[PDB]
Amino acid sequence: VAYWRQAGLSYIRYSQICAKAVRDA
Amino acid sequence: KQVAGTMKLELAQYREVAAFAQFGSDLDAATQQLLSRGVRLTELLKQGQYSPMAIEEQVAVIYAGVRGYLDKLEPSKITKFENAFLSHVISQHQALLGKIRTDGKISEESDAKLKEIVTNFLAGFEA
Amino acid sequence: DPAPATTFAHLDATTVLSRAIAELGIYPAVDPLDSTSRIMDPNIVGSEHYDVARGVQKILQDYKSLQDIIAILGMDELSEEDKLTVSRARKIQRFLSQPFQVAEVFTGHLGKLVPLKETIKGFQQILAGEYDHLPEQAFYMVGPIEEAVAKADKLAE
Amino acid sequence: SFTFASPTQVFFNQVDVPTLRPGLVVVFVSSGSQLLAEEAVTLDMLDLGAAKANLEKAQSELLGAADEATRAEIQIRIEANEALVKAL
Amino acid sequence: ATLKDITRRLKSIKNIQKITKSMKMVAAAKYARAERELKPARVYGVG
Amino acid sequence: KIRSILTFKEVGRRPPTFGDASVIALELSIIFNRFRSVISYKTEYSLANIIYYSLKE
Numbered sequence: 002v003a004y005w006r007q008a009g010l011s012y013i014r015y016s017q018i019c020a021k022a023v024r025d026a
Numbered sequence: 427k428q429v430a431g432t433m434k435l436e437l438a439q440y441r442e443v444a445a446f447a448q449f450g451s452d453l454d455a456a457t458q459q460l461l462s463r464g465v466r467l468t469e470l471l472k473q474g475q476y477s478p479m480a481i482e483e484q485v486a487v488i489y490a491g492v493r494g495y496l497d498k499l500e501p502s503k504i505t506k507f508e509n510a511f512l513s514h515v516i517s518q519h520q521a522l523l524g525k526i527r528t529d530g531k532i533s534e535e536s537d538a539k540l541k542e543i544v545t546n547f548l549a550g551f552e553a
Numbered sequence: 369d370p371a372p373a374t375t376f377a378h379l380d381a382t383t384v385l386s387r388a389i390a391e392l393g394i395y396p397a398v399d400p401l402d403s404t405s406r407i408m409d410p411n412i413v414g415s416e417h418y419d420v421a422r423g424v425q426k427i428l429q430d431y432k433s434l435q436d437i438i439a440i441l442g443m444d445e446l447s448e449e450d451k452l453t454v455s456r457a458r459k460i461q462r463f464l465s466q467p468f469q470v471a472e473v474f475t476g477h478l479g480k481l482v483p484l485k486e487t488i489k490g491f492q493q494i495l496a497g498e499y500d501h502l503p504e505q506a507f508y509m510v511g512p513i514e515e516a517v518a519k520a521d522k523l524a525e
Numbered sequence: 039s040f041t042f043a044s045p046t047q048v049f050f051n057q058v059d060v061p062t080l081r082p083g084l085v086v087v098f099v100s101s102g103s113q114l115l116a117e118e119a120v121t122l123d124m125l126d127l128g129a130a131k132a133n134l135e136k137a138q139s140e141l142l143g144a145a146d147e148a149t150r151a152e153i154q155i156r157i158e159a160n161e162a163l164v165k166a167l
Numbered sequence: 026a027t028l029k030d031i032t033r034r035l036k037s038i039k040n041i042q043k044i045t046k047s048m049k050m051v052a053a054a055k056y057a058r059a060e061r062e063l064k065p066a067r068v069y070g071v072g
Numbered sequence: 136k137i138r139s140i141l152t153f154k155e156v157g158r159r160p161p162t163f164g165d166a167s168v169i170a171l172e173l184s185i186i187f188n189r190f191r192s193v194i195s196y197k198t231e232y233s234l235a236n237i238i239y240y241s242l243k244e
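Chains as they are written, first to last, in the UniProt record's numbering: chain A, 2 to 26; chain B, 427 to 553; chain C, 369 to 525; chain D, 39 to 51, 57 to 62, 80 to 87, 98 to 103, 113 to 167; chain E, 26 to 72; chain F, 136 to 141, 152 to 173, 184 to 198, 231 to 244.
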């Protein structure tokens, strides 16, 4: 069990965020 | 003659495209610019009654449209702009209007003075 | 027709009625785009009266020129700007209708007489988008603009 | 052969796999599960001094506040940025 | 049947012909973008 | 259009992204039209992949 999947969250939100961090870099 | 030739062409070009002005939200910048300019020039041909204009005043108004200074202004505000703009240039800039008629054209110096009057005036008007 | 055609020049104000408008239930069936008056002049009726009247005629002429295009291509093709002026124009068309005292036997509605001030105000407000939230029908066959507002509540429940 | 593509770009039609987790792939993947990725790129087109700046900004976002998964979203952004400075 | 009616229809269908032509070319600008972008998304959608 | 005949708005004008598929998935065979040529067309993470594929086609 991961920290993001505690209150929430799906892997889709996880992926979405990581993807955006790569574009912003 | 120095301003009417351009207005004639830009309106003619606009007429080929005007049909999809309310339907051409996607098309490329070139045909978007034709519509933007043409709609503006169309507003500049509107005139109230009982106040016919001196030629210098006519060319000063057509100058503002054709050199693009009104391309960002909301079309529905143009008539209101012109009334106030013309009243301002007549009241205060009678030297400029005289020069336009003196020279028989809008010179570089007249173009410079017109650019500063119009661009600053427009900023205040669309506040 | 030579008879009415020749009559126009003899008038100062013309009210032109239309079967195409009457057939929609819009009474009185006045064509807003074919009726004129010598005194429709900003110097005579004041600039506020003139501006609202010209504004009304513009929105109605704009809608009339679009009607046939959107009857085929669909309302959905219009920008939010165009479809806003469609909805507004259709409300203005309806607010132009009015129940007449002499027409109670035809309308089923009590007659209404509307002061000039209220007429001007009502159309001004519709043009400004002040009733964009109200249903089209609230504007049909009423007197003053307050009755349209009142009708909107009545048409709800 | 190994097909390596993001939704927008295709690179190939030995390979490294980070578990997906934001990490290096040498013949960078943001996430996902041929390896499917949301953002798969070079390596050449990552910058970098902005990844360090984006890391420092995300760590400044964290001292809120407060409500779980906001929070979690910031730590994800921190993990992603850490694994970007780590990459180049 | 009336010249009035036909004149109205002619105005209407001239607008439509110019607009539908504009829509065929706007869609061309959109489909040219869509077909190129469909390339990578096709091999990607395999999994 | 899918809801007016029978929910998401603002689809089709701009080209669809995986970000569009993510928005749909986060809210929760798939039925779409597959491009052939100018004329012809036919009717956790990998779940967002399948919404995206049906968007691009």
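Using N, Cα and C, we set each Cβ at its ideal position, and we do this for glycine too.
query	result
CB of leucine 134(D) within 8 Å of CB of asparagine 160(D), strictly	yes
Segment limits, beta strand (DSSP E) that includes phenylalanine 50(D)	48-50
Per-residue burial, residue 361(C) [other beta carbons within 10 Å of its own, 16 or more giving buried]	Look at the range of chain C in this structure, 369 to 525, and you will see that residue 361(C) is not part of it.
Unbroken alpha helix (DSSP H) run spanning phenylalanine 507(B), endpoints	504-517
Alpha carbon of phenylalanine 49(D) to alpha carbon of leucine 63(E), nearest angstrom	15 Å
Interface residues of the region 456-487 of chain B facing chain E [CB-CB below 9 Å]	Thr457
Listed by chain order, chain D residues near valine 23(A) by CB distance under 8 Å	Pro82, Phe98, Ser100, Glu118, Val120, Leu125, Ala159 and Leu163
Cβ contact (3+ pairs, closer than 8 Å) linking the region 391-409 of chain C and the region 464-471 of chain C	yes
Cβ contact check for the region 142-150 of chain D and the region 4-21 of chain A: 3 or more pairs under 8 Å	yes
Chain-ordered residues of the region 431-454 of chain C with a beta carbon less than 9 Å from chain G	Protein chains in the displayed structure are A, B, C, D, E and F, and chain G is not among them.
Among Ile488(C), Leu434(C) and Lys519(C), the one whose alpha carbon lies nearest that of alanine 447(B)	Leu434(C)
Classification of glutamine 17(A) by the beta-carbon crowding that lies within 10 angstroms, buried from 16 upward	buried
Under 8 Å between C-beta atoms of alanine 20(A) and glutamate 118(D)	yes
Given 8 Å, three or more beta-carbon pairs between the region 468-488 of chain B and the region 496-511 of chain B	yes
Close-in-space but distant-in-sequence residues of the same chain around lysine 519(C) (CB under 7 Å, 5 per side omitted)	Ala506 and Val510
Listed by chain order, chain B residues near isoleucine 44(E) by CB distance under 8 Å	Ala445, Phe446 and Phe449
Contact the region 449-464 of chain B vs the region 509-518 of chain B: 3+ CB pairs below 8 Å	no
Contact check, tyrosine 499(C) vs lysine 459(C), beta carbons under 8 Å	yes
Beta carbon proximity, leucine 114(D) to chain F, threshold 8 Å	no
Contacts of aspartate 537(B) in chain E (Cβ-Cβ under 7 Å)	By Cβ distance, chain E contributes nothing, its closest Cβ being about 36 Å from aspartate 537(B), past 7 Å.
CB contact flag (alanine 166(D), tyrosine 69(E), <8 Å)	no
Chain-ordered neighbours of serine 233(F) on chain E, where CB pairs are closer than 8 Å	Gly72
Beta carbon proximity, residue 77(E) to chain D, threshold 8 Å	Nothing about residue 77(E) can be reported from this structure: the residues present for chain E run from 26 to 72 only.
Distance cut-off 7 Å: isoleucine 440(C) Cβ against heavy atoms of the ligand FAD	Absence of the ligand FAD from the depicted structure is noted, as is the absence of any ligand whatsoever, leaving it without description.
Pair within 8 Å by beta-carbon distance, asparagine 188(F) and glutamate 155(F)	no
Partner residues on chain F for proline 45(D), Cβ-Cβ distance less than 7 Å	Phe163 and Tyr239
Selection of the region 27-61 of chain E by Cβ proximity to chain C, strictly under 9 Å	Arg33, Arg34, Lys36, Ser37, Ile38, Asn40, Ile41, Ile44, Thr45 and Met48
Residues sharing a beta bridge with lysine 197(F), DSSP	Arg189(F)
Spatial neighbours of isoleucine 438(C) in its chain, beta-carbon cut-off 8 Å, leaving aside the 5 residues before and after	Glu445, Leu446 and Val454
Cβ shell of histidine 477(C) (< 8 Å), same chain only, five flanking positions each side left out	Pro467 and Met509
C-beta atoms of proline 82(D) and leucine 163(D) nearer than 8 Å	yes
Residue burial classification, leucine 115(D) (beta-carbon count within 10 angstroms, cutoff 16)	buried
Partners in chain A for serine 167(F), counting only beta-carbon separations shorter than 7 Å	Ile13 and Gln17
Proximity below 8 Å, CB of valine 485(B) to CB of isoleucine 526(B)	yes
Closer than 8 Å to chain E by CB, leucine 453(B)	yes
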